[PDB]
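Engineer: Pasting a structure here, questions to come.
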Amino acid sequence: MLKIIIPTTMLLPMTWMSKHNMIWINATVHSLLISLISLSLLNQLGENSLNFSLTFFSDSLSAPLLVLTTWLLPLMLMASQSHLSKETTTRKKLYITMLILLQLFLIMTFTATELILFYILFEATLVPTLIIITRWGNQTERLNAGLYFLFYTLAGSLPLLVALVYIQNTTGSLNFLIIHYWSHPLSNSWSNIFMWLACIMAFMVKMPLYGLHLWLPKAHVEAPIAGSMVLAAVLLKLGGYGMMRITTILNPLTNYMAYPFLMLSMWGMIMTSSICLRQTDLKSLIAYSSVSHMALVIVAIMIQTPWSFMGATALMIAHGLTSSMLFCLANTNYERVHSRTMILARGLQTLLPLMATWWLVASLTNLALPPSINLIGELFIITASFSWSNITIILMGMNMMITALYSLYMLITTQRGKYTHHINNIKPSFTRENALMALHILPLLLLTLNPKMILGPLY
Amino acid sequence: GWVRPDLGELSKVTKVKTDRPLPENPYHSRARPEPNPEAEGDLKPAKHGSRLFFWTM
Ligand SMILES: CCCCCCCCCCCCCCCCC[C@@H](O)O[C@H](CO[C@H](O)CCCCCCCCCCCCCCC)COP(=O)(O)OCC[N+](C)(C)C
Ligand SMILES: CCCCCCCCCCCCCCCCC[C@@H](O)O[C@H](CO[C@H](O)CCCCCCCCCCCCCCC)COP(=O)(O)OCC[N+](C)(C)C
Ligand SMILES: CCCCCCCC/C=C\CCCCCCCC(=O)O[C@H](COC(=O)CCCCCCC/C=C/CCCCCCCC)COP(=O)(O)OCCN
């Protein structure tokens with residue numbers, strides 16, 4: 001695994017020893033090459049895992065997340081090139097350093113054979129994101145947003161640490177392989193109930209769970225474009241990955257303890273999809289859509305059936321790509337209009353036709369149009385839920401209908417109708433933005449050809 | 001025929017020829033508790049290192 005970690009570390013001295021006007025080119029080229037190298041982790045086994053060493057191991061759940069993490073950095077650099085133009089070389093190098101450190105921590109987090117090492121890196125990712133949000137955000141609310149994004153996380157994560165060390169004091173190890181092979185049932189006890197809660201709540205808060213989702217709209221709205229991209233694409237999936245790893249020690253207590261979270265997610269997906277219908281801000285609408293999709297992923301993980309896990313993996317990958325694309329489109333509009341109010345700039349199809357095509361395809365993938373991987377994950381989760389209980393179909397279908405409604409509402413409001421007359425600074429789309437949009441969308445339509453790459457270890 | 005002792009004589013430490021036996025346990029002490037095992041051996045490196053969390057050394 002060092003053949004990916006070491007180049008990502010070398011990205012830092014290369015960035016800091018670069019010319020003042022070569023940082024973006026060098027960073028983009030070498031991050032793309034690192035993505036290409038990481039692409040060879042996809043050759044997974046039907047047996048246990050790719051156990052590289054005592055410290056790092058790869059799995060067909062970890063490999064798609066690793067590849068998406070490596071692929072996201074070049075897109076983040078391309079998106080950040082525009083709004084950082086008027087800023088000094090040292091500060092741009094610091095921004096690229098924060099992005100590189102975030103990638104390094106995420107890469108080490110997804111392999112992380114140890115649960116304490118996983119926790120340490122899973123919490124180390126917090127610092128670069130907070131600095132990016134509270135340093136290079138625009139509005140005055142960013143500081144407040146950062147505070148939320150901080151404390152919520154720690155409010156969930158501090159009990160987990162205690163639980164973790166407690167387990168190693170009883171089991172003797174926190175290695176995931178030993179934990180899986182030596183797993184034992186949890187008796188229905190108050191102590192075991194609180195151990196279950198301490199294990200679950202940390203990952204629940206970062207999905208986020210419906211009741212615990214307040215930090216996400218603030219953090220995603222006030223963050224710069226690279227921050228929003230990394231928050232929606234990779235950082236939300238840490239909770240799902242952690243739950244998928246940790247639910248192996250929580251059986252059979254998950255059967256009883258899953259009910260409040262299942263109800264919260266099943267009702268909150270409807271609530272947040274309905275919230276999307278009445279939203280005056282593009283970024284907030286995209287954030288609430290992310291909350292709905294992650295609610296579906298929470299349901300899938302809580303059901304803990306093979307089809308549930310496959311659907312959850314597919315949906316995590318598809319949502320990451322789609323939400324990053326949607327945020328990039330919103331930012332392309334914002335850098336022209338500087339308002340971030342959906343109703344202000346209207347009828348952009350007549351002025352930006354190719355960008356309108358990008359908007360249409362992004363809305364189509366968000367709408368879960370078959371045979372996209374978005375719908376593959378959606379349908380697998382829905383079928384698993386139907387087997388779990390036939391009444392889930394009402395909530396699932398209502399969520400599908402509202403999702404289509406708000407996706408097409410977002411498309412029609414911004415692209416169709418009549419152009420706003422007083423806005424005359426809508427310049428033609430740059431090659432950088434179109435390239436960014438294509439680099440988001442072609443991986444999705446190309447992954448629909450080989451779904452088993454993103455269906456997880458239970459395929 | 002008594003001669004008075006000189007200066008520094010009555011303060012001398014002298015020896016006594018006595019046939020009384022020497023008390024073997026004048027303090028009436030109990031038996032002293034057994035000492036700790038005092039283990040000994042030849043040092044070897046710690047098995048699998050420190051074994052602290054995720055550290056392999
Ligand atoms: C502009 C108008 C159109 C002009 C162009 C017309 C031509 C259109 C033809 C192309 C689309 C039509 C679909 C037909 C597909 C043909 C090729 C397909 O069959 O091959 C696929 C093969 O392709 C791969 O399966 C999918 C590609 C994998 C995508 C990887 C992503 C690239 C990395 C980018 C970074 C990652 C970002 C996302 C992180 C998750 C599936 O083959 P498969 O039967 O299965 O086995 C392969 C052969 N074997 C038997 C020897 C093994
Ligand atoms: C706010 C946004 C979302 C945040 C997260 C919300 C999710 C947290 C929900 C917690 C999951 C369930 C907690 C406890 C479940 C135990 C089962 C219980 O509900 O049923 C009865 C439990 O009975 C009563 O509940 C006893 C406890 C009564 C006191 C609880 C307070 C009630 C409301 C508190 C809710 C506040 C939550 C937030 C706190 C800050 C059955 O009684 P009994 O079969 O005999 O005993 C079963 C347990 N045994 C077997 C281990 C002995
Ligand atoms: C987003 C903000 C959420 C804040 C945190 C939410 C998670 C809360 C989970 C509980 C926190 C601490 C739990 C302890 C960690 C696990 C350790 C464990 O399981 O050991 C138990 C110990 O169990 C406890 O001590 C639990 C005591 C909890 C005290 C703190 C209560 C916090 C609030 C309680 C009400 C809310 C609970 C769920 C809230 C969910 C989040 C909203 C049994 O060990 P022993 O006692 O040694 O063996 C039994 C024989 N003696």
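Ordering of the structure tokens sets the chain letters (A, B, ...); residue numbers start at 1 within each chain; ligands are numbered from 1 in the order shown.
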Report as a short mmCIF file (atom, residue, chain, number, x, y, z; two decimals) with N, CA, C and O atoms, in the first residue's frame: the residues of range 285-428 of chain A with a DSSP assignment of alpha helix (DSSP H), based on the backbone of this structure.

Structural biologist:
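Printed below is part-v9.cif as written:
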data_model
loop_
_atom_site.label_atom_id
_atom_site.label_comp_id
_atom_site.auth_asym_id
_atom_site.auth_seq_id
_atom_site.Cartn_x
_atom_site.Cartn_y
_atom_site.Cartn_z
N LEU A 285 -30.05 22.90 -1.33
CA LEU A 285 -30.83 21.83 -1.95
C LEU A 285 -29.97 20.60 -2.21
O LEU A 285 -30.40 19.47 -1.94
N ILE A 286 -28.76 20.80 -2.72
CA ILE A 286 -27.88 19.66 -2.98
C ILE A 286 -27.48 18.97 -1.68
O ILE A 286 -27.39 17.74 -1.61
N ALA A 287 -27.27 19.76 -0.62
CA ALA A 287 -26.93 19.19 0.68
C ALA A 287 -28.06 18.34 1.24
O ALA A 287 -27.83 17.25 1.78
N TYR A 288 -29.30 18.82 1.11
CA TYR A 288 -30.43 18.04 1.61
C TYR A 288 -30.65 16.78 0.78
O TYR A 288 -31.05 15.73 1.31
N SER A 289 -30.38 16.85 -0.53
CA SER A 289 -30.42 15.65 -1.35
C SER A 289 -29.39 14.63 -0.87
O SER A 289 -29.66 13.42 -0.83
N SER A 290 -28.20 15.11 -0.51
CA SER A 290 -27.18 14.23 0.06
C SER A 290 -27.67 13.58 1.34
O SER A 290 -27.42 12.39 1.58
N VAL A 291 -28.37 14.35 2.18
CA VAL A 291 -28.91 13.79 3.42
C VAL A 291 -29.89 12.67 3.12
O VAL A 291 -29.89 11.62 3.78
N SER A 292 -30.75 12.86 2.12
CA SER A 292 -31.72 11.82 1.76
C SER A 292 -31.03 10.54 1.28
O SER A 292 -31.37 9.42 1.70
N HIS A 293 -30.05 10.69 0.38
CA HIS A 293 -29.34 9.52 -0.13
C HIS A 293 -28.62 8.78 0.99
O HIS A 293 -28.63 7.54 1.04
N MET A 294 -28.00 9.52 1.91
CA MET A 294 -27.30 8.86 3.01
C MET A 294 -28.28 8.23 3.99
O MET A 294 -27.93 7.25 4.66
N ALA A 295 -29.49 8.77 4.11
CA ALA A 295 -30.52 8.09 4.89
C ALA A 295 -30.83 6.72 4.30
O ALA A 295 -30.98 5.73 5.03
N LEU A 296 -30.94 6.65 2.98
CA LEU A 296 -31.14 5.36 2.33
C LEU A 296 -29.97 4.41 2.60
O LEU A 296 -30.17 3.21 2.85
N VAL A 297 -28.75 4.94 2.57
CA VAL A 297 -27.58 4.10 2.86
C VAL A 297 -27.61 3.61 4.31
O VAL A 297 -27.21 2.47 4.61
N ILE A 298 -28.06 4.46 5.24
CA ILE A 298 -28.18 4.05 6.64
C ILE A 298 -29.16 2.90 6.77
O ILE A 298 -28.91 1.92 7.49
N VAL A 299 -30.32 3.01 6.11
CA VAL A 299 -31.28 1.91 6.13
C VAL A 299 -30.63 0.63 5.62
O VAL A 299 -30.74 -0.44 6.23
N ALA A 300 -29.90 0.73 4.50
CA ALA A 300 -29.26 -0.45 3.93
C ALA A 300 -28.29 -1.09 4.92
O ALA A 300 -28.29 -2.31 5.09
N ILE A 301 -27.46 -0.28 5.58
CA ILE A 301 -26.47 -0.85 6.49
C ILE A 301 -27.15 -1.45 7.71
O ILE A 301 -26.72 -2.49 8.23
N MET A 302 -28.23 -0.83 8.19
CA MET A 302 -28.92 -1.35 9.36
C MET A 302 -29.62 -2.67 9.07
O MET A 302 -29.73 -3.52 9.96
N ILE A 303 -30.12 -2.87 7.85
CA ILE A 303 -30.78 -4.13 7.51
C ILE A 303 -29.77 -5.28 7.50
O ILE A 303 -30.11 -6.42 7.83
N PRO A 306 -26.94 -9.21 2.44
CA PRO A 306 -26.00 -9.06 1.30
C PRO A 306 -26.44 -8.03 0.28
O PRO A 306 -25.63 -7.17 -0.13
N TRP A 307 -27.71 -8.06 -0.13
CA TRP A 307 -28.19 -7.09 -1.11
C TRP A 307 -28.15 -5.68 -0.55
O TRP A 307 -27.85 -4.73 -1.27
N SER A 308 -28.42 -5.54 0.75
CA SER A 308 -28.30 -4.24 1.40
C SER A 308 -26.88 -3.69 1.29
O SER A 308 -26.69 -2.52 0.95
N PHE A 309 -25.88 -4.52 1.57
CA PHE A 309 -24.50 -4.05 1.56
C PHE A 309 -24.04 -3.71 0.15
O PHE A 309 -23.37 -2.69 -0.07
N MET A 310 -24.41 -4.54 -0.83
CA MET A 310 -24.07 -4.23 -2.22
C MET A 310 -24.71 -2.93 -2.68
O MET A 310 -24.05 -2.07 -3.29
N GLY A 311 -26.00 -2.75 -2.37
CA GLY A 311 -26.67 -1.51 -2.74
C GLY A 311 -26.06 -0.30 -2.06
O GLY A 311 -25.93 0.76 -2.67
N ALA A 312 -25.67 -0.45 -0.79
CA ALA A 312 -25.09 0.67 -0.07
C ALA A 312 -23.74 1.08 -0.65
O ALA A 312 -23.46 2.27 -0.79
N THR A 313 -22.91 0.10 -1.00
CA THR A 313 -21.63 0.43 -1.63
C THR A 313 -21.84 1.15 -2.96
O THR A 313 -21.23 2.21 -3.23
N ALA A 314 -22.71 0.59 -3.81
CA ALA A 314 -22.96 1.21 -5.11
C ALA A 314 -23.51 2.62 -4.95
O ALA A 314 -23.09 3.55 -5.66
N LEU A 315 -24.44 2.81 -4.01
CA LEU A 315 -25.04 4.12 -3.80
C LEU A 315 -24.04 5.11 -3.25
O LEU A 315 -24.08 6.29 -3.60
N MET A 316 -23.13 4.67 -2.38
CA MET A 316 -22.11 5.58 -1.86
C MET A 316 -21.23 6.11 -2.99
O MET A 316 -21.00 7.32 -3.09
N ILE A 317 -20.77 5.22 -3.87
CA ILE A 317 -19.92 5.66 -4.98
C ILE A 317 -20.69 6.60 -5.91
O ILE A 317 -20.22 7.69 -6.27
N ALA A 318 -21.90 6.19 -6.29
CA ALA A 318 -22.69 6.97 -7.24
C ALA A 318 -23.05 8.33 -6.67
O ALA A 318 -22.99 9.35 -7.38
N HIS A 319 -23.42 8.38 -5.39
CA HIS A 319 -23.76 9.65 -4.77
C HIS A 319 -22.55 10.56 -4.69
O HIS A 319 -22.66 11.77 -4.92
N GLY A 320 -21.38 10.02 -4.35
CA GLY A 320 -20.19 10.85 -4.33
C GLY A 320 -19.96 11.54 -5.66
O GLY A 320 -19.83 12.77 -5.73
N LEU A 321 -19.98 10.76 -6.74
CA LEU A 321 -19.74 11.35 -8.06
C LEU A 321 -20.82 12.37 -8.43
O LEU A 321 -20.52 13.49 -8.87
N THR A 322 -22.10 12.01 -8.23
CA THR A 322 -23.19 12.89 -8.65
C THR A 322 -23.22 14.19 -7.85
O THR A 322 -23.42 15.27 -8.42
N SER A 323 -23.02 14.11 -6.53
CA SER A 323 -23.04 15.31 -5.71
C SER A 323 -21.86 16.21 -6.01
O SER A 323 -22.00 17.44 -6.01
N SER A 324 -20.68 15.63 -6.27
CA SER A 324 -19.55 16.47 -6.67
C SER A 324 -19.86 17.21 -7.97
O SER A 324 -19.60 18.42 -8.08
N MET A 325 -20.45 16.51 -8.95
CA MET A 325 -20.81 17.17 -10.20
C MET A 325 -21.82 18.29 -9.98
O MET A 325 -21.71 19.38 -10.56
N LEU A 326 -22.84 18.04 -9.14
CA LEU A 326 -23.86 19.05 -8.90
C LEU A 326 -23.28 20.28 -8.22
O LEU A 326 -23.61 21.42 -8.58
N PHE A 327 -22.40 20.08 -7.24
CA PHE A 327 -21.76 21.21 -6.58
C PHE A 327 -20.90 22.00 -7.56
O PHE A 327 -20.86 23.23 -7.51
N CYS A 328 -20.21 21.30 -8.47
CA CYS A 328 -19.40 21.99 -9.46
C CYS A 328 -20.26 22.84 -10.40
O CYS A 328 -19.89 23.96 -10.75
N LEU A 329 -21.41 22.31 -10.82
CA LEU A 329 -22.32 23.09 -11.66
C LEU A 329 -22.82 24.34 -10.93
O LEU A 329 -22.84 25.45 -11.49
N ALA A 330 -23.23 24.16 -9.68
CA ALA A 330 -23.68 25.29 -8.89
C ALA A 330 -22.59 26.34 -8.75
O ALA A 330 -22.86 27.55 -8.83
N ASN A 331 -21.34 25.90 -8.57
CA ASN A 331 -20.24 26.85 -8.42
C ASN A 331 -19.92 27.56 -9.74
O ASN A 331 -19.51 28.72 -9.73
N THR A 332 -20.08 26.87 -10.87
CA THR A 332 -19.90 27.54 -12.15
C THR A 332 -20.92 28.66 -12.32
O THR A 332 -20.59 29.74 -12.81
N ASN A 333 -22.16 28.42 -11.91
CA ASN A 333 -23.15 29.50 -11.94
C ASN A 333 -22.78 30.61 -10.96
O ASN A 333 -22.89 31.80 -11.29
N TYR A 334 -22.33 30.24 -9.76
CA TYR A 334 -22.05 31.23 -8.71
C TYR A 334 -20.90 32.15 -9.10
O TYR A 334 -20.97 33.36 -8.86
N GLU A 335 -19.84 31.60 -9.68
CA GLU A 335 -18.69 32.44 -10.05
C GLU A 335 -19.05 33.47 -11.11
O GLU A 335 -18.30 34.44 -11.29
N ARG A 336 -20.16 33.28 -11.82
CA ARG A 336 -20.67 34.29 -12.73
C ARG A 336 -21.63 35.25 -12.04
O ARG A 336 -21.56 36.46 -12.28
N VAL A 337 -22.52 34.75 -11.19
CA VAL A 337 -23.59 35.60 -10.69
C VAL A 337 -23.33 36.08 -9.26
O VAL A 337 -23.91 37.09 -8.84
N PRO A 353 -25.63 26.34 -23.62
CA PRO A 353 -26.27 25.06 -23.99
C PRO A 353 -25.51 23.83 -23.53
O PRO A 353 -26.13 22.86 -23.07
N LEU A 354 -24.18 23.80 -23.66
CA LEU A 354 -23.42 22.63 -23.22
C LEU A 354 -23.48 22.48 -21.71
O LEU A 354 -23.59 21.36 -21.19
N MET A 355 -23.39 23.59 -20.98
CA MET A 355 -23.58 23.54 -19.54
C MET A 355 -24.99 23.08 -19.19
O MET A 355 -25.19 22.43 -18.16
N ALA A 356 -25.97 23.40 -20.04
CA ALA A 356 -27.32 22.89 -19.83
C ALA A 356 -27.36 21.38 -20.01
O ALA A 356 -28.08 20.68 -19.29
N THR A 357 -26.61 20.85 -20.98
CA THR A 357 -26.52 19.40 -21.14
C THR A 357 -25.89 18.75 -19.91
O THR A 357 -26.34 17.70 -19.45
N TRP A 358 -24.84 19.38 -19.38
CA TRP A 358 -24.22 18.86 -18.16
C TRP A 358 -25.21 18.87 -17.00
O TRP A 358 -25.29 17.91 -16.22
N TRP A 359 -25.98 19.96 -16.86
CA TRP A 359 -27.01 20.04 -15.84
C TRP A 359 -28.03 18.92 -16.00
O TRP A 359 -28.44 18.29 -15.02
N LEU A 360 -28.44 18.66 -17.24
CA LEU A 360 -29.43 17.62 -17.50
C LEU A 360 -28.90 16.25 -17.10
O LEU A 360 -29.61 15.46 -16.46
N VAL A 361 -27.66 15.93 -17.46
CA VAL A 361 -27.13 14.61 -17.16
C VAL A 361 -26.92 14.45 -15.65
O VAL A 361 -27.16 13.37 -15.09
N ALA A 362 -26.47 15.51 -14.98
CA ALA A 362 -26.32 15.44 -13.53
C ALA A 362 -27.67 15.24 -12.84
O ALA A 362 -27.78 14.44 -11.90
N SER A 363 -28.70 15.96 -13.29
CA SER A 363 -30.04 15.76 -12.73
C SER A 363 -30.56 14.36 -13.01
O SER A 363 -31.27 13.79 -12.18
N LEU A 364 -30.24 13.81 -14.18
CA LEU A 364 -30.67 12.47 -14.52
C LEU A 364 -30.03 11.43 -13.62
O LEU A 364 -30.70 10.49 -13.16
N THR A 365 -28.73 11.56 -13.34
CA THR A 365 -28.09 10.62 -12.43
C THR A 365 -28.58 10.81 -11.00
O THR A 365 -28.72 9.83 -10.26
N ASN A 366 -28.83 12.05 -10.58
CA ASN A 366 -29.40 12.28 -9.26
C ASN A 366 -30.80 11.71 -9.15
O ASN A 366 -31.20 11.22 -8.09
N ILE A 373 -25.64 3.48 -11.95
CA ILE A 373 -25.29 2.81 -10.71
C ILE A 373 -26.05 3.42 -9.54
O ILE A 373 -26.25 2.76 -8.51
N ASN A 374 -26.49 4.67 -9.68
CA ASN A 374 -27.39 5.26 -8.70
C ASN A 374 -28.64 4.42 -8.53
O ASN A 374 -29.03 4.06 -7.41
N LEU A 375 -29.27 4.05 -9.65
CA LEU A 375 -30.45 3.21 -9.56
C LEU A 375 -30.11 1.78 -9.17
O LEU A 375 -30.93 1.11 -8.54
N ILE A 376 -28.92 1.29 -9.52
CA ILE A 376 -28.53 -0.05 -9.09
C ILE A 376 -28.52 -0.13 -7.57
O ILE A 376 -29.14 -1.02 -6.96
N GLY A 377 -27.84 0.83 -6.92
CA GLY A 377 -27.84 0.85 -5.47
C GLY A 377 -29.22 1.10 -4.88
O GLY A 377 -29.62 0.43 -3.93
N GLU A 378 -29.96 2.05 -5.46
CA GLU A 378 -31.32 2.34 -5.01
C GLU A 378 -32.18 1.08 -5.01
O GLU A 378 -32.82 0.75 -4.01
N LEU A 379 -32.18 0.35 -6.13
CA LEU A 379 -33.04 -0.81 -6.28
C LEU A 379 -32.60 -1.96 -5.39
O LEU A 379 -33.44 -2.68 -4.85
N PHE A 380 -31.29 -2.16 -5.23
CA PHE A 380 -30.84 -3.23 -4.34
C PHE A 380 -31.27 -2.96 -2.91
O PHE A 380 -31.79 -3.85 -2.22
N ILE A 381 -31.10 -1.71 -2.45
CA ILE A 381 -31.54 -1.35 -1.11
C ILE A 381 -33.05 -1.50 -0.97
O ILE A 381 -33.55 -1.98 0.05
N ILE A 382 -33.80 -1.08 -1.99
CA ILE A 382 -35.26 -1.14 -1.92
C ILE A 382 -35.74 -2.58 -1.86
O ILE A 382 -36.66 -2.91 -1.10
N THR A 383 -35.14 -3.46 -2.65
CA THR A 383 -35.52 -4.87 -2.61
C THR A 383 -35.18 -5.50 -1.26
O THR A 383 -35.98 -6.27 -0.71
N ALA A 384 -34.01 -5.18 -0.72
CA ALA A 384 -33.66 -5.69 0.60
C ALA A 384 -34.64 -5.20 1.67
O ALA A 384 -35.05 -5.97 2.54
N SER A 385 -35.03 -3.93 1.59
CA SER A 385 -36.00 -3.39 2.54
C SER A 385 -37.36 -4.05 2.38
O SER A 385 -38.05 -4.31 3.37
N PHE A 386 -37.77 -4.32 1.14
CA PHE A 386 -39.03 -5.01 0.90
C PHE A 386 -39.03 -6.39 1.52
O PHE A 386 -40.03 -6.82 2.10
N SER A 387 -37.91 -7.11 1.39
CA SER A 387 -37.81 -8.40 2.07
C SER A 387 -37.83 -8.23 3.58
O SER A 387 -38.40 -9.06 4.30
N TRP A 388 -37.22 -7.16 4.09
CA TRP A 388 -37.26 -6.87 5.52
C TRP A 388 -38.68 -6.60 5.99
O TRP A 388 -39.09 -7.08 7.05
N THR A 392 -42.22 -0.97 3.59
CA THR A 392 -41.21 0.03 3.28
C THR A 392 -41.39 0.57 1.87
O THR A 392 -40.85 1.64 1.53
N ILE A 393 -42.15 -0.14 1.03
CA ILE A 393 -42.28 0.23 -0.37
C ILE A 393 -42.97 1.58 -0.51
O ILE A 393 -42.66 2.36 -1.42
N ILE A 394 -43.90 1.90 0.39
CA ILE A 394 -44.60 3.19 0.33
C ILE A 394 -43.61 4.33 0.51
O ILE A 394 -43.55 5.27 -0.30
N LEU A 395 -42.80 4.25 1.57
CA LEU A 395 -41.83 5.30 1.84
C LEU A 395 -40.78 5.38 0.73
O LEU A 395 -40.39 6.47 0.31
N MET A 396 -40.33 4.23 0.23
CA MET A 396 -39.30 4.22 -0.80
C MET A 396 -39.82 4.83 -2.10
O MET A 396 -39.13 5.64 -2.74
N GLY A 397 -41.04 4.47 -2.50
CA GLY A 397 -41.61 5.04 -3.71
C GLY A 397 -41.90 6.52 -3.59
O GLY A 397 -41.71 7.29 -4.53
N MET A 398 -42.37 6.94 -2.41
CA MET A 398 -42.59 8.36 -2.19
C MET A 398 -41.28 9.13 -2.28
O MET A 398 -41.22 10.23 -2.85
N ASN A 399 -40.21 8.56 -1.72
CA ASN A 399 -38.90 9.20 -1.82
C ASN A 399 -38.44 9.30 -3.26
O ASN A 399 -37.89 10.32 -3.68
N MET A 400 -38.66 8.24 -4.04
CA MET A 400 -38.29 8.28 -5.46
C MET A 400 -39.04 9.39 -6.19
O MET A 400 -38.45 10.16 -6.97
N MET A 401 -40.35 9.48 -5.95
CA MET A 401 -41.16 10.49 -6.61
C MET A 401 -40.70 11.90 -6.25
O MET A 401 -40.53 12.76 -7.12
N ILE A 402 -40.48 12.15 -4.96
CA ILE A 402 -40.07 13.49 -4.53
C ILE A 402 -38.67 13.81 -5.05
O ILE A 402 -38.36 14.96 -5.37
N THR A 403 -37.80 12.80 -5.13
CA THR A 403 -36.46 13.01 -5.66
C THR A 403 -36.51 13.46 -7.11
O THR A 403 -35.84 14.43 -7.51
N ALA A 404 -37.31 12.77 -7.92
CA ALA A 404 -37.48 13.19 -9.31
C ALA A 404 -38.06 14.59 -9.38
O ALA A 404 -37.61 15.43 -10.19
N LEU A 405 -39.04 14.88 -8.52
CA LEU A 405 -39.67 16.20 -8.51
C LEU A 405 -38.66 17.31 -8.25
O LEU A 405 -38.60 18.29 -8.99
N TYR A 406 -37.85 17.17 -7.20
CA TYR A 406 -36.95 18.27 -6.87
C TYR A 406 -35.76 18.34 -7.81
O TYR A 406 -35.25 19.44 -8.08
N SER A 407 -35.32 17.21 -8.37
CA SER A 407 -34.25 17.26 -9.36
C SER A 407 -34.71 18.01 -10.61
O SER A 407 -34.00 18.90 -11.11
N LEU A 408 -35.90 17.70 -11.11
CA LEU A 408 -36.37 18.41 -12.30
C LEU A 408 -36.79 19.84 -11.98
O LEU A 408 -36.69 20.71 -12.85
N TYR A 409 -37.22 20.11 -10.75
CA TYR A 409 -37.48 21.49 -10.34
C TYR A 409 -36.20 22.30 -10.38
O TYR A 409 -36.17 23.43 -10.89
N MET A 410 -35.11 21.74 -9.85
CA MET A 410 -33.81 22.40 -9.90
C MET A 410 -33.36 22.64 -11.34
O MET A 410 -32.85 23.72 -11.65
N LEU A 411 -33.54 21.65 -12.21
CA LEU A 411 -33.15 21.83 -13.61
C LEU A 411 -33.99 22.90 -14.31
O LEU A 411 -33.43 23.78 -14.98
N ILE A 412 -35.31 22.86 -14.15
CA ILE A 412 -36.21 23.78 -14.84
C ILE A 412 -36.04 25.21 -14.34
O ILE A 412 -36.06 26.15 -15.14
N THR A 413 -35.86 25.40 -13.03
CA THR A 413 -35.74 26.75 -12.50
C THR A 413 -34.51 27.47 -13.04
O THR A 413 -34.58 28.64 -13.43
N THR A 414 -33.37 26.77 -13.10
CA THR A 414 -32.12 27.40 -13.50
C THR A 414 -31.89 27.42 -15.00
O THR A 414 -31.30 28.38 -15.51
N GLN A 415 -32.34 26.41 -15.74
CA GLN A 415 -31.99 26.32 -17.15
C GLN A 415 -33.09 26.77 -18.09
O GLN A 415 -32.79 27.26 -19.18
#

Engineer: Please give me, as a PDB file with C-alpha atoms, in the first residue's frame, the residues lying within 10 Å of ligand 1 when counting only C-alpha atoms and all ligand atoms.

Structural biologist:
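Result file pocket_37.pdb:
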ATOM      1  CA  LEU A  32      -3.851  12.026 -11.936  1.00  0.00           C
ATOM      2  CA  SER A  35      -5.122   7.958  -9.348  1.00  0.00           C
ATOM      3  CA  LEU A  36      -3.998   5.783 -12.263  1.00  0.00           C
ATOM      4  CA  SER A  38      -4.353   3.391  -7.334  1.00  0.00           C
ATOM      5  CA  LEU A  39      -6.670   2.038 -10.035  1.00  0.00           C
ATOM      6  CA  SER A  40      -4.836  -1.312  -9.783  1.00  0.00           C
ATOM      7  CA  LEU A  42      -9.576  -2.949  -8.065  1.00  0.00           C
ATOM      8  CA  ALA A  63     -10.864  -0.198  -3.115  1.00  0.00           C
ATOM      9  CA  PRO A  64     -13.682   1.795  -4.814  1.00  0.00           C
ATOM     10  CA  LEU A  65     -13.546   4.397  -2.041  1.00  0.00           C
ATOM     11  CA  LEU A  66      -9.762   4.645  -2.405  1.00  0.00           C
ATOM     12  CA  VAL A  67     -10.008   5.081  -6.176  1.00  0.00           C
ATOM     13  CA  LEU A  68     -12.715   7.736  -5.820  1.00  0.00           C
ATOM     14  CA  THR A  69     -10.601   9.554  -3.223  1.00  0.00           C
ATOM     15  CA  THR A  70      -7.591   9.571  -5.548  1.00  0.00           C
ATOM     16  CA  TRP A  71      -9.727  10.683  -8.498  1.00  0.00           C
ATOM     17  CA  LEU A  72     -11.342  13.534  -6.563  1.00  0.00           C
ATOM     18  CA  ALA A 314     -22.962   1.209  -5.108  1.00  0.00           C
ATOM     19  CA  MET A 316     -22.115   5.583  -1.864  1.00  0.00           C
ATOM     20  CA  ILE A 317     -19.921   5.663  -4.976  1.00  0.00           C
ATOM     21  CA  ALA A 318     -22.691   6.969  -7.237  1.00  0.00           C
ATOM     22  CA  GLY A 320     -20.189  10.848  -4.329  1.00  0.00           C
ATOM     23  CA  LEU A 321     -19.744  11.350  -8.063  1.00  0.00           C
ATOM     24  CA  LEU A 439     -14.391  14.103 -15.831  1.00  0.00           C
ATOM     25  CA  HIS A 440     -17.207  13.842 -13.301  1.00  0.00           C
ATOM     26  CA  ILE A 441     -19.775  12.258 -15.574  1.00  0.00           C
ATOM     27  CA  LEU A 442     -17.911   9.794 -17.834  1.00  0.00           C
ATOM     28  CA  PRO A 443     -16.756   7.635 -14.864  1.00  0.00           C
ATOM     29  CA  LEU A 444     -20.414   7.114 -13.849  1.00  0.00           C
ATOM     30  CA  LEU A 445     -21.713   6.044 -17.260  1.00  0.00           C
ATOM     31  CA  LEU A 446     -18.582   3.943 -17.683  1.00  0.00           C
ATOM     32  CA  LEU A 447     -18.973   2.244 -14.297  1.00  0.00           C
ATOM     33  CA  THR A 448     -22.480   1.186 -15.265  1.00  0.00           C
ATOM     34  CA  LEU A 449     -20.732  -1.216 -17.680  1.00  0.00           C
ATOM     35  CA  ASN A 450     -18.822  -3.017 -14.884  1.00  0.00           C
ATOM     36  CA  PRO A 451     -20.993  -2.841 -11.749  1.00  0.00           C
ATOM     37  CA  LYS A 452     -19.144  -5.573  -9.829  1.00  0.00           C
ATOM     38  CA  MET A 453     -16.273  -3.122  -9.271  1.00  0.00           C
ATOM     39  CA  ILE A 454     -18.466  -1.082  -6.897  1.00  0.00           C
TER      40      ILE A 454
END

Engineer: Within 9 Å of ligand 3, counting only C-alpha atoms and all ligand atoms, which protein or nucleic acid residues do you find, written as a ChimeraX atom specification?

Structural biologist: /A:151-167,189-202,204-205,212
